[PDB]
Amino acid sequence: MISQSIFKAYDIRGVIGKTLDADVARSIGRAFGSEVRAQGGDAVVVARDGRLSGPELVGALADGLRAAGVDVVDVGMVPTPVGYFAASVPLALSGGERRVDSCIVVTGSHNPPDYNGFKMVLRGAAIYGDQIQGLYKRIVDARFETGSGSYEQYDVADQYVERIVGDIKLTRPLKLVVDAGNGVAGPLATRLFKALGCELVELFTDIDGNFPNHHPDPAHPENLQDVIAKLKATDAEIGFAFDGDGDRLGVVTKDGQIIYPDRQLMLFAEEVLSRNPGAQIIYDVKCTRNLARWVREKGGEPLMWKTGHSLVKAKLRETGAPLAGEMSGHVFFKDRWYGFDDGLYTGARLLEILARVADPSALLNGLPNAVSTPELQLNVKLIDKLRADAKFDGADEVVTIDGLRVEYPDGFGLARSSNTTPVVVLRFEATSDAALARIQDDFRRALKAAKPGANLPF
Ligand SMILES: [Zn+2]
């Protein structure tokens, strides 16, 4: 029997042999195919990353979709944004062109080898919260549509590469270190950047779902140590590291500096706004205080939003903005693109900009910067105690779109609830070391008042 615990806020995730197996994939396919037909759709693209359980689960998923009466277009093993891309453009199928606007990618993303999961787009929307709980409920209830959908395999890689290459022409070749952590990003990302004219020093770009080198998880700096060492030991100029399904890009300079995605977004916003005067640029409440001012000085309108990739995507579709990015490293180009997050496309857009200068590392390092703390763990209940009763000494505003973002003249504090983990997340940024300390001291005393007696992590 299916476990409700695999149905998360933004996707479905489980562990092979424990909460996830072929039967589970099939019921999820049947539930999702049923929702597609109830919205009048008749087809779904499916794709997988390079995990060992991938081929079995994507086959079971396809069986379930077809049992609901939905046709399946299988684009095989490709990065996640390539499945999004297949759900965005006309497909030159053997029975004629066809447009298919829902997809499911079977992928465990940055997680250990035995994890896997499903990322779901239903008629262009990245479904979350109640719509995902509604798939679990159809399964419990056996409330399904019935039919006999067709199945076809389709390789969408050539259309994808040609679509990017035909719009991006680098000023000069740039020599890159590309680290895929043995994840699905490696083959097509290397193909793409070679197609743009770059020479590559490859790290772990062959598929190996045992992840025998380092997990493809650029969110941990320990997984970037190979790219940093390779940049010291070769004449490559810039390092790119992908997470396991390619919807996130990590960027390292020649001198070993990680460029966090809020700084990356400044560089993209500048170039995008130069062609879109006045446009909104969306980012989440974890991003640097520096973005608001940067975006204004560059002639745009900053729009600070909630954290969560699917929430940022919904907001992009609501506003028609040309660009969004989140601290976690998903970057969404609607300008000249399709508006889904894509690590390989972001890489290409970054090379377009970096190739205009002789020293890309100086360009990246010179982006605005500040001092910060790492993330701290302490949900929901205490966040409300804080909102109603906290005397934050000297703050300019307490922002409440997502937790409490407290803004000071010289930095900011954020306390919020996660959307998987059952505890409160904190982060701090300031314009000097002493200002970082005073801000924490301020949060410290507020949390001592709100939940008096608890052991804090700072
Ligand atoms: Zn990912």
Side-chain angles (χ1 to χ4, degrees), residues 81-82 84-85 88-89 124 159-174 176 189 192-193 195-198 237-238 240 247-249 251 259-284 287-288 290-305 309 312-327 329-369:
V82 178
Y84 296 160
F85 169 81
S88 298
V89 306
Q159 282 180 245
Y160 180 80
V161 177
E162 290 160 49
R163 162 67 177 81
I164 295 169
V165 164
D167 190 55
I168 296 173
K169 269 68 166 85
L170 306 184
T171 298
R172 67 180 179 85
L174 220 147
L176 323 199
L192 173 64
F193 304 140
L196 292 175
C198 297
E237 304 189 50
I238 284 299
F240 285 176
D247 68 358
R248 296 190 282 171
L249 172 75
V251 174
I259 312 297
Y260 289 109
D262 51 356
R263 291 170 90 204
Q264 295 181 48
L265 191 66
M266 289 187 282
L267 183 77
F268 290 135
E270 165 176 43
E271 192 290 323
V272 166
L273 289 167
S274 88
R275 297 170 293 95
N276 291 275
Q280 287 174 303
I281 303 296
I282 301 161
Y283 52 94
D284 73 308
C287 283
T288 179
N290 293 324
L291 259 160
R293 179 188 274 287
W294 177 271
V295 163
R296 292 179 210 119
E297 291 176 348
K298 271 37 187 189
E301 302 282 323
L303 202 182
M304 182 170 62
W305 201 239
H309 84 87
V312 164
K313 184 84 177 299
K315 191 62 168 180
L316 212 39
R317 294 157 53 82
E318 283 180 18
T319 57
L323 182 61
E326 314 166 272
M327 198 47 184
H330 297 255
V331 183
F332 307 72
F333 291 86
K334 175 59 188 229
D335 169 78
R336 295 166 57 203
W337 193 232
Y338 297 95
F340 52 79
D341 48 330
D342 182 334
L344 279 69
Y345 191 67
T346 297
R349 286 291 289 262
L350 177 52
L351 296 171
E352 179 177 71
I353 296 168
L354 292 187
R356 300 165 174 154
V357 300
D359 191 349
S361 302
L363 186 63
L364 291 163
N365 289 315
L367 286 160
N369 213 359

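We're numbering straight along the sequence, starting at 1. Atom set for the values below is all heavy atoms of this structure, side chains included, hydrogens, waters and symmetry mates excluded.
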Worked verdict on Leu196 versus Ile168 for side chain to side chain contact (heavy atoms under 4.5 Å, CB included)
CA-CA 8 Å; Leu196 292 175; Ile168 296 173; 4.3 Å; yes
Apply side chain to side chain contact (heavy atoms under 4.5 Å, CB included) to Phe193 and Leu351, showing your working.
CA-CA 9 Å; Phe193 304 140; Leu351 296 171; 3.7 Å; yes
Start with the C-alpha distance between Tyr345 and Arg336, add both sets of side-chain angles, then the distance that settles side chain to side chain donor-acceptor pair (under 3.5 Å), and finish with yes or no.
CA-CA 11 Å; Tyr345 191 67; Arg336 295 166 57 203; 4.9 Å; no
Pair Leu323-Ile282, side chain to side chain contact (heavy atoms under 4.5 Å, CB included): steps then yes or no
CA-CA 6 Å; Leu323 182 61; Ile282 301 161; over 6 Å; no
Residue pair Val312, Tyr283: steps toward the side chain to side chain contact (heavy atoms under 4.5 Å, CB included) verdict:
CA-CA 8 Å; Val312 164; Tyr283 52 94; over 6 Å; no
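Between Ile164 and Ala348 the shortest heavy-atom distance is CG2-CB, 4.0 Å. Heavy-atom minimum distance, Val161 versus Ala195: CG1-CB, 4.0 Å. Contact record, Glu352 with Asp167: OE2-O, 4.3 Å, taken as the closest heavy-atom pair. Minimum interatomic distance between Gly343 and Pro81 (heavy atoms only, all atoms of both residues): N-CG, 4.5 Å. For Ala321 against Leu316, the heavy-atom pair with the smallest separation is O-CD1, 3.4 Å. Considering all non-hydrogen atoms of both residues, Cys198 and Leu176 come closest at CB-CG, 4.3 Å.
Residue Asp359 holds its CG atom at 8.0 Å from CD of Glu237, rounded to the nearest 0.5 Å. From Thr346, atom OG1 reaches atom CH2 of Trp337 across 9.5 Å, with rounding to the nearest 0.5 Å. For the atom pair CG of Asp247 and CG of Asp342, the computed distance is 8.5 Å after rounding to the nearest 0.5 Å. To the nearest 0.5 Å, atom CG of residue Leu367 and atom CG of residue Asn290 are 10.0 Å apart. We find the CD1-CG distance between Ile353 and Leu267 to be 4.5 Å, quoted to the nearest 0.5 Å. Rounding to the nearest 0.5 angstrom, the gap separating the CZ atom in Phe240 from the CG atom in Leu344 is 10.0 Å.
Remark: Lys315 NZ is packed, more than 12 non-hydrogen atoms of other residues, nucleotides or ligands lying under 6.0 Å away. No more than 12 heavy atoms of other residues, nucleotides or ligands sit less than 6.0 Å from atom CZ of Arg293.
In this structure, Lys298 forms a cation-pi arrangement with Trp294, its terminal cationic atom sitting closer than 6.0 Å to the ring centre and no more than 45° off the ring axis.
Within the 4.5 Å cutoff, the side chain of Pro302 has no heavy atoms near those of the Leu291 side chain. Side-chain contact between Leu273 and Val295 is present, with at least one heavy-atom pair separated by less than 4.5 Å. Contact check for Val89 versus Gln159: side-chain heavy atoms found under the 4.5 Å cut-off.
Between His309 and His330, the two ring planes are parallel [angle under 30°; tilted spans 30° to 60°]. Relative ring orientation between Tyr160 and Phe85 is described as perpendicular, the plane-to-plane angle rising above 60° on a 0-90° scale split at 30° and 60°.
One N or O on the side chain of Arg263 and one on the backbone of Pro368 form a donor-acceptor pair closer than 3.5 Å. In this structure a side-chain-to-backbone donor-acceptor pair under 3.5 Å is present from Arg172 to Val357. A donor-acceptor pair under 3.5 Å links the side-chain atoms of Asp284 to the main chain of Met327, judged by distance alone. At distances below 3.5 Å, at least one donor-acceptor pair connects side-chain atoms of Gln264 with backbone N or O atoms of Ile259.
Salt-bridge annotation for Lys313 and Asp341: absent, with no side-chain N of the basic residue lying under 4.0 Å from a carboxylate O of the acidic one. Between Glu271 and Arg349 there is a salt bridge, with a side-chain nitrogen of the basic residue lying less than 4.0 Å from a carboxylate oxygen of the acidic one.
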